[PDB]
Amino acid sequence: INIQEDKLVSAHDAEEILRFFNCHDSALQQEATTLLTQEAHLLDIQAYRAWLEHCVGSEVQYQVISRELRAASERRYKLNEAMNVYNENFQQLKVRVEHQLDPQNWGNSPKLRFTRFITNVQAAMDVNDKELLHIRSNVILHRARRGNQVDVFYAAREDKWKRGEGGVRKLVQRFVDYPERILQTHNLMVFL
């Protein structure tokens, strides 16, 4: 993509396109689909320890940002463009997992209900790190609790996955640029 012609396209987005439009490996797309479906299943049943053990690499960065709304024509104002809703290493994910599992987490009684819908899976091996897999996917996440609270989240995820212990593919980076600037879901206390 020429972003001087496609005026609305960011440099970052143009680079990610390039990654998937080149080599297509059908088998890899299917592996990626399995990986993400299994990850979503573990999260939906709130098997957060199992998720850490089976899906998340020790070197992970798990990041969800919220970008400040700026003018399309803005060129001068150069202060922090985004804040981190999540920017977690493995130990920080573990803290959040223990917080979910703590028997004095009053907000988890009665038990929450999660349903995740993963679509638009794309996968490509890294050019330089032949052991690094880039996976892109979109998620709809439905969280229901306490009779009549329903929150639905929508996001695109840019992931890197790598074989770790036992040859199991694990998440080493997730990046989400959350599309809604003001959350209307009470909080973003869900793992996208």
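Throughout, we count residues from 1 along the sequence that is shown.
Remark: stretch with higher mean C-alpha B factor among 172 to 180 and 13 to 21 is 13 to 21. The stretch with the higher mean CA B factor, choosing between 66 to 74 and 152 to 160, is 66 to 74. Highest C-alpha temperature factor among 61, 29, 46, 38, as the PDB entry reports it: 29. Among all modelled residues in its chain, residue 54 ranks in the highest third by Cα B-factor. Residue 142: CA B factor lies in the lowest third for its chain, per the PDB record. In the PDB entry, residue 136 places in the lowest third of its chain by CA B-factor. Ranked by Cα temperature factor within the chain, residue 122 sits in the middle third according to the deposited record. Ranked by C-alpha B-factor against the other modelled residues of its chain, residue 80 falls in the highest third.
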